[PDB]
Amino acid sequence: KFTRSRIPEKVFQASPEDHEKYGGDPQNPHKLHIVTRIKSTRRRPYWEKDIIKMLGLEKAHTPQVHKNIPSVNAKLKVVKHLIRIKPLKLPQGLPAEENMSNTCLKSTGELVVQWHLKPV
Amino acid sequence: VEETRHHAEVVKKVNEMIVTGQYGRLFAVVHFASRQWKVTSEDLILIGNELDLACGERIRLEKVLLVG
Amino acid sequence: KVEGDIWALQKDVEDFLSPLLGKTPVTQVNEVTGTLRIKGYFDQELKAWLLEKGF
Amino acid sequence: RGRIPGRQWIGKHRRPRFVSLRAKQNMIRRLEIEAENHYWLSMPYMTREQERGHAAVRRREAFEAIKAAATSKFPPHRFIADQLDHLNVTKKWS
Amino acid sequence: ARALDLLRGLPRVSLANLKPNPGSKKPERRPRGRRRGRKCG
Amino acid sequence: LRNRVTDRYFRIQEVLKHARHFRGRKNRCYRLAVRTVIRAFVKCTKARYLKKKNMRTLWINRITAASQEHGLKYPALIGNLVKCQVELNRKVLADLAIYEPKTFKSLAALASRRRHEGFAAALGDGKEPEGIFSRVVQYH
Amino acid sequence: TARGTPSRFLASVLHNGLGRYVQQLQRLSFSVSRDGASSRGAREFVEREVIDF
(Lines give C-alpha, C1' and ligand atoms only; values in the text may rest on other atoms or scores of the structure.)
Protein backbone atom coordinates (compact mmCIF):
# COMPACT_ATOMS: atom_id res chain seq x y z
CA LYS A 1 0.00 0.00 0.00
CA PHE A 2 1.15 3.54 -0.72
CA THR A 3 1.71 5.49 2.50
CA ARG A 4 3.74 8.43 3.75
CA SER A 5 7.53 8.08 3.73
CA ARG A 6 9.83 8.18 6.76
CA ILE A 7 13.15 9.66 5.68
CA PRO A 8 16.40 8.72 7.46
CA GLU A 9 18.42 10.96 9.67
CA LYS A 10 21.34 9.26 7.89
CA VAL A 11 20.51 11.05 4.64
CA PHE A 12 19.95 14.21 6.66
CA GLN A 13 23.38 14.04 8.33
CA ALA A 14 25.75 16.12 6.21
CA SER A 15 29.35 15.23 5.38
CA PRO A 16 32.53 17.29 4.81
CA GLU A 17 32.78 16.52 1.07
CA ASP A 18 29.17 17.69 0.87
CA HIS A 19 30.27 20.91 2.60
CA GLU A 20 32.96 21.74 0.03
CA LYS A 21 30.67 20.57 -2.78
CA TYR A 22 28.00 23.02 -1.57
CA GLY A 23 30.14 25.50 0.38
CA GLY A 24 28.40 26.06 3.69
CA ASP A 25 29.80 26.41 7.18
CA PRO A 26 28.46 23.78 9.65
CA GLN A 27 29.14 26.05 12.58
CA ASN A 28 27.31 29.36 12.06
CA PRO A 29 24.46 27.87 9.98
CA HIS A 30 22.44 29.94 7.56
CA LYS A 31 19.42 31.64 9.13
CA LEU A 32 16.75 31.76 6.40
CA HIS A 33 15.59 29.44 3.61
CA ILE A 34 14.67 30.65 0.14
CA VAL A 35 12.14 27.99 -0.90
CA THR A 36 10.81 27.85 -4.46
CA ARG A 37 8.33 25.32 -5.83
CA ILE A 38 9.56 23.78 -9.09
CA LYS A 39 7.07 20.93 -9.44
CA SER A 40 3.29 20.58 -9.53
CA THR A 41 1.25 19.16 -6.68
CA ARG A 42 -0.86 17.36 -9.28
CA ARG A 43 -0.45 13.56 -9.38
CA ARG A 44 0.82 13.88 -5.79
CA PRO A 45 -0.73 12.97 -2.42
CA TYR A 46 -3.16 15.24 -0.60
CA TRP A 47 -0.85 15.69 2.39
CA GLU A 48 1.87 17.03 0.09
CA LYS A 49 -0.69 19.37 -1.51
CA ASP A 50 -1.77 20.57 1.95
CA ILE A 51 1.83 21.14 3.09
CA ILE A 52 2.52 23.13 -0.09
CA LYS A 53 -0.50 25.29 0.76
CA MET A 54 0.75 25.66 4.36
CA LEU A 55 4.23 26.75 3.26
CA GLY A 56 2.68 29.22 0.83
CA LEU A 57 4.18 27.81 -2.37
CA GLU A 58 0.96 27.62 -4.40
CA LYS A 59 2.46 29.68 -7.25
CA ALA A 60 5.43 28.02 -8.92
CA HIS A 61 8.74 29.88 -9.32
CA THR A 62 7.75 32.36 -6.59
CA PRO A 63 10.43 32.37 -3.86
CA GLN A 64 9.49 32.48 -0.19
CA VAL A 65 11.51 33.00 2.99
CA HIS A 66 11.18 30.51 5.82
CA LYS A 67 12.91 29.95 9.14
CA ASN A 68 15.75 27.42 9.27
CA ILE A 69 14.15 25.82 12.32
CA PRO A 70 13.43 22.08 12.84
CA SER A 71 9.62 22.28 12.41
CA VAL A 72 9.80 24.15 9.09
CA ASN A 73 12.64 21.79 8.19
CA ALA A 74 10.37 18.80 8.87
CA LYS A 75 7.69 20.25 6.58
CA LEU A 76 10.28 20.85 3.85
CA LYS A 77 11.61 17.32 4.45
CA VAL A 78 8.16 15.94 3.70
CA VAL A 79 7.74 18.11 0.59
CA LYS A 80 11.41 18.18 -0.50
CA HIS A 81 10.80 16.68 -3.96
CA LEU A 82 8.69 19.60 -5.24
CA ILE A 83 10.94 22.47 -4.08
CA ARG A 84 14.38 24.00 -4.38
CA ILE A 85 15.96 25.26 -1.15
CA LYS A 86 18.69 27.91 -1.04
CA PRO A 87 20.32 29.82 1.82
CA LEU A 88 19.33 33.49 1.99
CA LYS A 89 22.61 35.41 1.89
CA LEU A 90 22.83 39.03 3.09
CA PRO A 91 26.05 40.63 1.76
CA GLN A 92 25.28 44.09 3.17
CA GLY A 93 23.16 42.96 6.11
CA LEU A 94 19.53 42.96 7.09
CA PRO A 95 17.33 45.66 5.50
CA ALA A 96 16.48 48.68 7.66
CA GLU A 97 13.64 51.18 7.48
CA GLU A 98 15.38 53.66 5.13
CA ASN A 99 16.44 50.94 2.64
CA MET A 100 13.31 48.75 2.64
CA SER A 101 11.97 50.25 -0.62
CA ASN A 102 15.12 49.56 -2.69
CA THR A 103 15.56 45.80 -2.30
CA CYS A 104 16.04 42.98 -4.80
CA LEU A 105 16.44 39.26 -4.19
CA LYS A 106 18.58 38.28 -7.25
CA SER A 107 19.06 34.80 -8.69
CA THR A 108 22.13 34.09 -6.54
CA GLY A 109 19.96 34.28 -3.41
CA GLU A 110 21.52 37.51 -2.13
CA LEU A 111 19.01 40.09 -0.88
CA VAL A 112 20.64 43.42 -1.69
CA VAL A 113 19.21 46.40 0.19
CA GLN A 114 20.24 48.96 -2.45
CA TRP A 115 19.14 48.72 -6.08
CA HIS A 116 20.25 51.33 -8.63
CA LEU A 117 19.61 50.01 -12.19
CA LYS A 118 23.01 51.47 -13.10
CA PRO A 119 26.18 49.88 -14.51
CA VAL A 120 29.09 49.16 -12.20
CA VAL B 1 46.49 45.09 -27.45
CA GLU B 2 46.42 45.53 -31.23
CA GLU B 3 42.74 44.57 -31.20
CA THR B 4 41.92 47.26 -28.62
CA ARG B 5 43.83 49.76 -30.77
CA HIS B 6 41.82 48.63 -33.81
CA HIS B 7 38.62 48.99 -31.76
CA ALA B 8 39.68 52.53 -30.83
CA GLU B 9 40.29 53.37 -34.50
CA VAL B 10 36.91 51.96 -35.60
CA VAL B 11 34.94 53.59 -32.75
CA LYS B 12 36.69 56.91 -33.40
CA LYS B 13 36.12 56.91 -37.18
CA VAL B 14 32.45 55.97 -36.71
CA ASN B 15 32.22 58.87 -34.24
CA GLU B 16 33.47 61.40 -36.79
CA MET B 17 31.07 59.91 -39.33
CA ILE B 18 28.38 60.78 -36.78
CA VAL B 19 29.93 64.25 -36.28
CA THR B 20 30.03 65.01 -40.01
CA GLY B 21 26.59 63.55 -40.64
CA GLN B 22 27.38 60.82 -43.20
CA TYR B 23 24.10 59.05 -42.51
CA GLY B 24 20.41 59.32 -43.24
CA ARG B 25 17.16 57.55 -42.32
CA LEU B 26 18.19 56.03 -39.01
CA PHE B 27 16.34 53.06 -37.55
CA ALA B 28 16.09 51.86 -33.97
CA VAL B 29 14.99 48.76 -32.10
CA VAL B 30 13.20 50.04 -29.01
CA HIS B 31 11.78 48.19 -26.01
CA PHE B 32 8.31 49.52 -25.20
CA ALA B 33 5.30 47.99 -23.39
CA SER B 34 7.00 44.56 -23.08
CA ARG B 35 7.54 44.50 -26.87
CA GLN B 36 10.50 45.19 -29.14
CA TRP B 37 9.70 47.44 -32.10
CA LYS B 38 11.92 48.09 -35.12
CA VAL B 39 10.91 51.70 -35.75
CA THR B 40 12.13 54.49 -38.00
CA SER B 41 11.21 58.12 -38.51
CA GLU B 42 7.64 58.96 -39.62
CA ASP B 43 6.46 55.61 -38.25
CA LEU B 44 3.27 54.24 -36.68
CA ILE B 45 2.98 51.74 -33.83
CA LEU B 46 -0.08 50.36 -32.01
CA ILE B 47 0.27 49.77 -28.26
CA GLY B 48 -2.28 47.46 -26.66
CA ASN B 49 -3.05 49.55 -23.57
CA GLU B 50 -3.84 53.08 -22.47
CA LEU B 51 -0.81 55.25 -21.80
CA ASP B 52 -2.23 57.99 -19.48
CA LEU B 53 -1.38 60.68 -22.05
CA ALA B 54 -3.41 63.24 -23.96
CA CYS B 55 -3.70 62.91 -27.73
CA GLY B 56 -1.00 64.52 -29.85
CA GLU B 57 1.57 64.55 -27.05
CA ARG B 58 5.35 64.36 -27.50
CA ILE B 59 7.23 61.76 -25.44
CA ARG B 60 10.72 60.25 -25.53
CA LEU B 61 11.28 56.55 -26.01
CA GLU B 62 14.51 55.82 -24.11
CA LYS B 63 15.04 52.04 -23.90
CA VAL B 64 16.74 51.82 -27.28
CA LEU B 65 18.20 48.33 -27.68
CA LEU B 66 19.64 49.14 -31.09
CA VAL B 67 20.23 52.16 -33.30
CA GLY B 68 21.78 52.28 -36.75
CA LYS C 1 -38.55 54.46 18.05
CA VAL C 2 -35.53 56.77 17.87
CA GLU C 3 -35.91 60.31 16.53
CA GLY C 4 -32.95 62.56 15.81
CA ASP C 5 -29.23 61.78 15.76
CA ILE C 6 -29.31 58.00 15.77
CA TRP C 7 -25.57 58.19 15.03
CA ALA C 8 -25.10 60.03 18.33
CA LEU C 9 -27.22 57.29 19.93
CA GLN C 10 -24.89 54.73 18.33
CA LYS C 11 -21.81 56.51 19.70
CA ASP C 12 -23.34 56.62 23.19
CA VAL C 13 -24.35 52.94 23.06
CA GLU C 14 -20.86 51.94 21.87
CA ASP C 15 -19.02 53.90 24.55
CA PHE C 16 -21.44 52.60 27.21
CA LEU C 17 -21.19 48.92 26.20
CA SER C 18 -17.44 48.92 25.50
CA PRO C 19 -16.40 48.54 29.20
CA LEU C 20 -18.88 45.67 29.59
CA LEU C 21 -17.39 43.83 26.59
CA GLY C 22 -13.80 45.02 26.21
CA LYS C 23 -14.27 45.39 22.47
CA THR C 24 -16.49 47.82 20.60
CA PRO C 25 -19.98 46.27 20.24
CA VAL C 26 -21.16 45.44 16.74
CA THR C 27 -24.09 47.61 15.68
CA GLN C 28 -26.36 48.41 12.75
CA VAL C 29 -27.99 51.82 12.46
CA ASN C 30 -31.20 51.86 10.42
CA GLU C 31 -32.16 55.46 9.63
CA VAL C 32 -35.27 54.59 7.60
CA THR C 33 -36.81 52.59 10.43
CA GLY C 34 -35.19 54.61 13.18
CA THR C 35 -33.74 51.58 14.95
CA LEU C 36 -30.40 50.30 16.18
CA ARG C 37 -29.34 46.65 16.52
CA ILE C 38 -26.55 45.46 18.81
CA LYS C 39 -25.05 41.98 18.46
CA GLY C 40 -25.76 40.43 21.86
CA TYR C 41 -28.30 40.41 24.71
CA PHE C 42 -28.17 43.82 26.40
CA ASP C 43 -31.86 44.45 27.08
CA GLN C 44 -31.81 45.03 30.86
CA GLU C 45 -28.63 47.13 30.77
CA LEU C 46 -29.95 49.29 27.93
CA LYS C 47 -33.34 49.69 29.63
CA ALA C 48 -31.74 50.85 32.89
CA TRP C 49 -29.39 53.08 30.89
CA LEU C 50 -32.24 54.78 29.01
CA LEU C 51 -34.08 55.15 32.32
CA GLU C 52 -31.14 56.95 33.91
CA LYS C 53 -30.75 59.20 30.86
CA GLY C 54 -34.48 59.96 31.17
CA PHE C 55 -36.23 58.40 28.17
CA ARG D 1 1.01 -5.53 -39.33
CA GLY D 2 2.06 -4.90 -35.74
CA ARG D 3 -0.87 -4.45 -33.35
CA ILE D 4 -0.71 -4.12 -29.58
CA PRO D 5 -3.68 -6.12 -28.23
CA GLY D 6 -6.34 -4.03 -26.56
CA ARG D 7 -5.15 -0.62 -25.41
CA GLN D 8 -1.53 0.42 -25.86
CA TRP D 9 -0.50 1.56 -22.38
CA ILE D 10 -2.67 -0.63 -20.12
CA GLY D 11 -3.07 -4.35 -19.61
CA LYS D 12 -0.97 -7.49 -19.64
CA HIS D 13 0.52 -6.71 -23.07
CA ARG D 14 1.63 -3.09 -23.41
CA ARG D 15 3.37 -1.20 -26.17
CA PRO D 16 7.01 -0.94 -25.00
CA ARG D 17 8.55 2.44 -24.25
CA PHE D 18 12.27 3.10 -23.91
CA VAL D 19 14.19 5.73 -21.97
CA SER D 20 15.78 8.53 -23.97
CA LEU D 21 18.98 10.46 -23.29
CA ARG D 22 17.20 13.75 -22.59
CA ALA D 23 14.79 12.02 -20.18
CA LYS D 24 17.78 10.56 -18.33
CA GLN D 25 19.40 14.01 -18.21
CA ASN D 26 16.17 15.57 -16.90
CA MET D 27 16.02 13.01 -14.10
CA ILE D 28 19.71 13.57 -13.27
CA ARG D 29 19.08 17.34 -13.06
CA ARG D 30 16.18 16.89 -10.64
CA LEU D 31 18.26 14.42 -8.59
CA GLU D 32 21.04 17.01 -8.24
CA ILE D 33 18.56 19.72 -7.18
CA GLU D 34 17.24 17.36 -4.50
CA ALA D 35 20.71 16.35 -3.24
CA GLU D 36 21.38 20.04 -2.68
CA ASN D 37 18.01 20.30 -0.89
CA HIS D 38 19.14 17.40 1.32
CA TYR D 39 22.29 19.32 2.27
CA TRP D 40 20.54 22.60 3.06
CA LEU D 41 17.95 20.73 5.13
CA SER D 42 20.76 18.76 6.82
CA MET D 43 22.11 21.96 8.38
CA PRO D 44 19.66 23.46 10.94
CA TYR D 45 19.98 26.73 12.83
CA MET D 46 18.11 26.20 16.12
CA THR D 47 16.99 23.16 18.13
CA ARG D 48 13.54 22.21 19.40
CA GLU D 49 14.10 23.33 23.00
CA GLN D 50 15.38 26.65 21.64
CA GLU D 51 12.38 27.14 19.31
CA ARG D 52 9.82 25.89 21.87
CA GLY D 53 7.98 29.21 22.24
CA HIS D 54 9.42 31.92 20.00
CA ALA D 55 6.32 32.75 17.90
CA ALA D 56 3.38 32.00 20.23
CA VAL D 57 2.47 35.69 20.64
CA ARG D 58 2.31 36.27 16.88
CA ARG D 59 0.32 33.08 16.21
CA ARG D 60 -2.11 33.99 19.02
CA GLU D 61 -2.65 37.55 17.78
CA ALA D 62 -3.18 36.33 14.20
CA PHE D 63 -5.85 33.93 15.43
CA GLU D 64 -7.40 36.72 17.51
CA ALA D 65 -7.62 38.83 14.35
CA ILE D 66 -9.34 35.93 12.57
CA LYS D 67 -11.77 35.58 15.50
CA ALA D 68 -12.42 39.33 15.46
CA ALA D 69 -13.38 39.25 11.77
CA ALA D 70 -15.58 36.15 12.15
CA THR D 71 -17.33 37.75 15.13
CA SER D 72 -17.68 41.14 13.41
CA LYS D 73 -19.64 39.62 10.49
CA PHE D 74 -22.91 41.56 10.67
CA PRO D 75 -25.39 43.36 8.30
CA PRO D 76 -24.68 46.91 7.08
CA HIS D 77 -26.42 50.24 7.65
CA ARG D 78 -29.31 51.72 5.65
CA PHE D 79 -29.79 55.31 4.54
CA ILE D 80 -32.53 57.91 4.21
CA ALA D 81 -30.07 59.34 1.66
CA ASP D 82 -30.17 56.20 -0.51
CA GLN D 83 -33.97 55.92 -0.47
CA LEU D 84 -34.44 59.60 -1.28
CA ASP D 85 -31.86 59.34 -4.08
CA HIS D 86 -33.99 56.60 -5.59
CA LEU D 87 -36.63 59.35 -5.62
CA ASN D 88 -34.49 61.06 -8.33
CA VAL D 89 -35.59 58.89 -11.30
CA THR D 90 -38.30 61.44 -12.22
CA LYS D 91 -36.02 64.50 -12.18
CA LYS D 92 -37.09 66.43 -15.31
CA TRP D 93 -35.68 69.67 -16.65
CA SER D 94 -38.91 71.68 -16.67
CA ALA E 1 -36.45 67.17 9.96
CA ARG E 2 -33.46 66.79 7.66
CA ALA E 3 -35.27 64.05 5.73
CA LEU E 4 -38.21 66.41 5.21
CA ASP E 5 -35.80 69.09 3.96
CA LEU E 6 -34.46 66.52 1.49
CA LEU E 7 -38.07 65.81 0.45
CA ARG E 8 -38.52 69.52 -0.22
CA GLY E 9 -35.37 69.55 -2.35
CA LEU E 10 -36.15 66.34 -4.25
CA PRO E 11 -38.68 65.75 -7.07
CA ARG E 12 -42.31 64.88 -6.47
CA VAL E 13 -43.37 61.50 -5.10
CA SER E 14 -45.69 59.82 -7.60
CA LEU E 15 -46.58 56.32 -8.77
CA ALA E 16 -43.62 56.39 -11.19
CA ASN E 17 -40.81 56.58 -8.59
CA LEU E 18 -41.84 53.95 -6.04
CA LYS E 19 -39.48 51.14 -5.04
CA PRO E 20 -39.71 48.19 -2.64
CA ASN E 21 -37.42 48.14 0.36
CA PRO E 22 -34.25 46.32 -0.78
CA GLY E 23 -34.11 42.82 0.64
CA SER E 24 -37.89 42.40 0.83
CA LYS E 25 -38.41 41.07 -2.72
CA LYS E 26 -36.38 37.91 -3.26
CA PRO E 27 -36.21 37.29 -7.04
CA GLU E 28 -38.04 34.35 -8.58
CA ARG E 29 -35.96 31.40 -9.78
CA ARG E 30 -37.49 29.69 -12.79
CA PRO E 31 -36.20 26.84 -14.97
CA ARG E 32 -34.88 28.67 -18.04
CA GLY E 33 -31.37 29.24 -19.28
CA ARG E 34 -28.24 27.15 -18.99
CA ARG E 35 -27.86 27.29 -15.21
CA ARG E 36 -31.45 26.60 -14.10
CA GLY E 37 -32.66 24.74 -17.18
CA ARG E 38 -31.74 21.29 -18.56
CA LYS E 39 -32.67 19.00 -15.66
CA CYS E 40 -34.02 22.03 -13.73
CA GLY E 41 -32.67 21.09 -10.31
CA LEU F 1 -52.11 32.80 -26.02
CA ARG F 2 -50.74 35.70 -23.98
CA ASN F 3 -46.99 36.42 -23.69
CA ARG F 4 -45.72 35.25 -27.07
CA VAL F 5 -42.24 35.97 -28.41
CA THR F 6 -42.02 38.79 -30.95
CA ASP F 7 -38.27 39.43 -31.53
CA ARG F 8 -37.34 35.84 -32.46
CA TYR F 9 -36.54 37.21 -35.93
CA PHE F 10 -33.88 39.46 -34.41
CA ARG F 11 -32.35 36.67 -32.29
CA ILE F 12 -32.20 34.44 -35.39
CA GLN F 13 -30.74 37.38 -37.34
CA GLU F 14 -27.93 37.79 -34.79
CA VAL F 15 -26.92 34.15 -35.20
CA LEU F 16 -27.35 34.30 -38.99
CA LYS F 17 -25.32 37.49 -39.44
CA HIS F 18 -22.54 35.64 -37.70
CA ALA F 19 -23.27 32.65 -39.98
CA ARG F 20 -23.62 34.51 -43.31
CA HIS F 21 -20.33 33.64 -45.05
CA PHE F 22 -20.71 29.86 -44.64
CA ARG F 23 -21.32 27.16 -47.27
CA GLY F 24 -24.51 25.15 -47.64
CA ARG F 25 -27.67 25.13 -45.56
CA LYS F 26 -25.65 26.28 -42.53
CA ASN F 27 -25.62 29.93 -43.71
CA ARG F 28 -29.43 30.21 -43.69
CA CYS F 29 -31.04 27.45 -41.55
CA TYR F 30 -30.89 28.57 -37.92
CA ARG F 31 -30.28 25.13 -36.37
CA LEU F 32 -27.38 24.15 -38.62
CA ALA F 33 -26.02 27.71 -38.43
CA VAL F 34 -26.05 27.91 -34.64
CA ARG F 35 -24.31 24.55 -34.46
CA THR F 36 -21.44 26.06 -36.51
CA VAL F 37 -21.06 29.64 -35.19
CA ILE F 38 -20.30 28.13 -31.77
CA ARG F 39 -17.46 26.11 -33.28
CA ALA F 40 -16.21 29.18 -35.17
CA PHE F 41 -15.91 31.18 -31.94
CA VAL F 42 -14.18 28.35 -30.03
CA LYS F 43 -11.79 27.99 -32.98
CA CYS F 44 -11.17 31.76 -32.80
CA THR F 45 -9.95 31.58 -29.19
CA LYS F 46 -7.83 28.45 -29.61
CA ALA F 47 -6.43 30.01 -32.78
CA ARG F 48 -5.33 33.07 -30.81
CA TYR F 49 -3.11 30.61 -28.94
CA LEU F 50 -2.06 28.86 -32.17
CA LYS F 51 -1.40 32.26 -33.79
CA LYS F 52 1.19 33.21 -31.17
CA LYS F 53 2.86 29.80 -31.50
CA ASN F 54 2.91 29.90 -35.32
CA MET F 55 4.38 33.42 -35.47
CA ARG F 56 7.20 32.32 -33.15
CA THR F 57 7.86 29.26 -35.34
CA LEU F 58 7.92 31.45 -38.47
CA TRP F 59 10.44 33.83 -36.90
CA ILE F 60 12.65 30.89 -35.88
CA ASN F 61 12.53 29.50 -39.43
CA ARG F 62 13.48 32.86 -40.97
CA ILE F 63 16.36 33.39 -38.52
CA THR F 64 17.60 29.87 -39.29
CA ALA F 65 17.47 30.68 -43.02
CA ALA F 66 19.40 33.94 -42.78
CA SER F 67 22.00 32.58 -40.35
CA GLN F 68 22.59 29.58 -42.64
CA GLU F 69 23.09 32.11 -45.44
CA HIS F 70 25.83 33.55 -43.23
CA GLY F 71 27.20 30.08 -42.42
CA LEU F 72 26.11 30.18 -38.76
CA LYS F 73 23.54 27.94 -37.12
CA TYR F 74 20.47 29.16 -35.24
CA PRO F 75 21.39 27.83 -31.73
CA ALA F 76 24.88 29.30 -32.11
CA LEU F 77 23.46 32.67 -33.19
CA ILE F 78 20.88 32.86 -30.38
CA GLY F 79 23.14 31.61 -27.60
CA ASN F 80 26.07 33.80 -28.59
CA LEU F 81 23.89 36.92 -28.87
CA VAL F 82 22.63 36.09 -25.36
CA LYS F 83 26.24 35.71 -24.19
CA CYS F 84 27.04 39.07 -25.84
CA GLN F 85 24.07 40.54 -23.87
CA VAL F 86 22.20 41.68 -26.99
CA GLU F 87 18.60 40.90 -26.07
CA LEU F 88 16.93 41.31 -29.46
CA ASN F 89 14.02 38.91 -29.70
CA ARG F 90 13.14 36.62 -32.58
CA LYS F 91 10.64 39.04 -34.15
CA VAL F 92 13.12 41.88 -34.60
CA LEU F 93 15.87 39.39 -35.48
CA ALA F 94 13.77 38.08 -38.38
CA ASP F 95 12.86 41.68 -39.24
CA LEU F 96 16.54 42.65 -39.44
CA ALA F 97 17.18 39.48 -41.44
CA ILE F 98 14.56 40.39 -44.04
CA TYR F 99 15.01 44.14 -44.36
CA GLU F 100 18.53 44.96 -43.06
CA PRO F 101 21.05 42.34 -44.25
CA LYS F 102 24.15 44.35 -43.34
CA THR F 103 23.04 44.76 -39.73
CA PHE F 104 22.15 41.06 -39.65
CA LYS F 105 25.61 40.19 -41.02
CA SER F 106 27.14 42.34 -38.27
CA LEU F 107 25.07 40.45 -35.69
CA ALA F 108 26.10 37.09 -37.18
CA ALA F 109 29.76 38.13 -37.12
CA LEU F 110 29.38 39.15 -33.47
CA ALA F 111 27.82 35.79 -32.60
CA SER F 112 30.49 33.83 -34.49
CA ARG F 113 33.28 35.80 -32.79
CA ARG F 114 31.67 35.18 -29.38
CA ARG F 115 31.53 31.45 -30.19
CA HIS F 116 35.21 31.48 -31.19
CA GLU F 117 36.10 33.29 -27.95
CA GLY F 118 34.16 30.68 -25.97
CA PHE F 119 36.00 27.89 -27.78
CA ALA F 120 39.34 29.59 -27.08
CA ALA F 121 38.49 29.97 -23.38
CA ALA F 122 37.37 26.33 -23.19
CA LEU F 123 40.58 25.04 -24.78
CA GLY F 124 42.76 27.36 -22.69
CA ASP F 125 41.06 26.25 -19.44
CA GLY F 126 43.32 28.56 -17.40
CA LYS F 127 43.29 32.22 -16.38
CA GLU F 128 43.85 33.86 -19.74
CA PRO F 129 42.20 37.22 -20.50
CA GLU F 130 38.47 36.65 -20.82
CA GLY F 131 38.16 38.14 -24.30
CA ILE F 132 37.10 41.55 -25.59
CA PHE F 133 33.52 40.61 -26.48
CA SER F 134 33.16 38.06 -23.66
CA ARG F 135 33.29 40.78 -21.00
CA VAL F 136 30.15 40.99 -18.86
CA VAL F 137 28.70 44.42 -18.07
CA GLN F 138 27.57 44.32 -14.44
CA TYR F 139 24.61 46.22 -13.00
CA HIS F 140 24.03 47.10 -9.36
CA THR G 1 -14.35 36.53 -36.14
CA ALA G 2 -11.62 37.82 -38.46
CA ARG G 3 -12.71 35.72 -41.44
CA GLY G 4 -16.29 37.04 -41.33
CA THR G 5 -15.46 40.72 -40.73
CA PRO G 6 -13.62 43.44 -42.68
CA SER G 7 -9.97 44.27 -42.01
CA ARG G 8 -7.57 47.14 -42.68
CA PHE G 9 -4.00 48.27 -42.07
CA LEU G 10 -2.71 50.75 -39.50
CA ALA G 11 -3.05 54.29 -40.82
CA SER G 12 -3.65 57.95 -39.99
CA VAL G 13 -6.03 60.42 -41.63
CA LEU G 14 -3.56 62.90 -43.18
CA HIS G 15 -0.14 61.77 -41.84
CA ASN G 16 -1.34 62.98 -38.45
CA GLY G 17 1.25 63.99 -35.88
CA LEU G 18 4.09 64.50 -38.37
CA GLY G 19 4.09 68.28 -38.61
CA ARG G 20 1.29 68.89 -36.13
CA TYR G 21 -1.53 67.01 -34.44
CA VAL G 22 -5.05 67.82 -35.65
CA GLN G 23 -7.99 66.54 -33.63
CA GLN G 24 -10.02 64.32 -35.94
CA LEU G 25 -13.34 64.87 -34.16
CA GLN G 26 -15.33 67.61 -35.89
CA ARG G 27 -18.93 67.59 -34.62
CA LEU G 28 -20.88 66.20 -31.67
CA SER G 29 -24.69 66.21 -31.90
CA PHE G 30 -26.50 65.51 -28.62
CA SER G 31 -30.13 64.45 -29.00
CA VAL G 32 -31.51 64.78 -25.46
CA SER G 33 -35.05 64.95 -24.07
CA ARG G 34 -36.43 67.21 -21.36
CA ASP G 35 -38.67 64.68 -19.60
CA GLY G 36 -36.88 61.38 -20.33
CA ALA G 37 -35.88 59.28 -17.33
CA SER G 38 -33.64 57.52 -19.85
CA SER G 39 -32.18 60.94 -20.71
CA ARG G 40 -31.65 61.98 -17.06
CA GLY G 41 -27.90 61.32 -17.13
CA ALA G 42 -27.50 63.12 -20.45
CA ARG G 43 -29.44 66.02 -18.91
CA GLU G 44 -26.97 66.16 -16.01
CA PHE G 45 -24.11 66.02 -18.54
CA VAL G 46 -25.57 69.01 -20.41
CA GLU G 47 -26.03 70.87 -17.11
CA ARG G 48 -22.50 70.34 -15.80
CA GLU G 49 -19.89 68.88 -18.15
CA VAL G 50 -20.59 69.93 -21.75
CA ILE G 51 -19.36 73.51 -21.21
CA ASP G 52 -15.97 72.41 -19.86
CA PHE G 53 -15.64 69.87 -22.69
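Each chain gets a letter, A, B, C, D, E, F and G, in the order it is written, and its residues are counted from 1.
Please note the rule applied: a contact is a pair of C-beta atoms (placed from the backbone, for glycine too) under 8 Å apart; a residue touches a chain by one contact, two chains touch by 3 or more.
Colleague: Suppose chain centres are the mean of their C-alpha atoms. Which chain sits farthest from chain B?
Modeller: Taking each chain's C-alpha mean as its centre, the farthest from chain B is C.
Colleague: Sort the chain pairs by how many C-beta pairs are in contact and tell me the top one.
Modeller: By number of C-beta pairs in contact, the leading chain pair is A-D.
Colleague: As a quick test, compute the distance in whole Å between the mean CA positions of chain C and chain E.
Modeller: Comparing mean C-alpha positions, chain E is 30 Å from chain C.
Colleague: Could you tell me the distance, in whole angstrom, between the mean C-alpha positions of chain E and chain F?
Modeller: Spacing between the chain centres: roughly 52 Å.
Colleague: I'd like to verify one number: the distance from the centre of chain B to the centre of chain G, where each centre is the average of its C-alpha atoms, in whole angstrom.
Modeller: Here the centre of chain G sits 35 Å away from the centre of chain B.
Colleague: Compute the distance, rounded to whole Å, between the mean C-alpha positions of chain D and chain G.
Modeller: Here chain D and chain G have centroids separated by 46 Å.
Colleague: Where in chain G do residues touch two or more of the other chains?
Modeller: none
Colleague: Two or more other chains touching the same residue: where does that happen in chain B?
Modeller: none
Colleague: Applying the document's contact rule, which stretches of chain D touch chain E when the two form their complex?
Modeller: 80-81, 83-84, 86-92
Colleague: Quick check on the complex: what are the chain D residues that touch chain A?
Modeller: These residues of chain D touch chain A: 33-34, 36-48, 51.
Colleague: Using the touch rule from the top, collect the residues of chain F that touch chain G in their complex.
Modeller: Residues 18, 20-21, 40-41, 44 of chain F touch chain G in their complex.
Colleague: Per the contact definition, I'd like the list of chain G residues that touch chain D in the complex.
Modeller: Listed in rising order, the residues are 34-35, 37, 40, 43.
Colleague: Mind listing the chain F positions that touch chain A in their complex?
Modeller: Residues 137-140.
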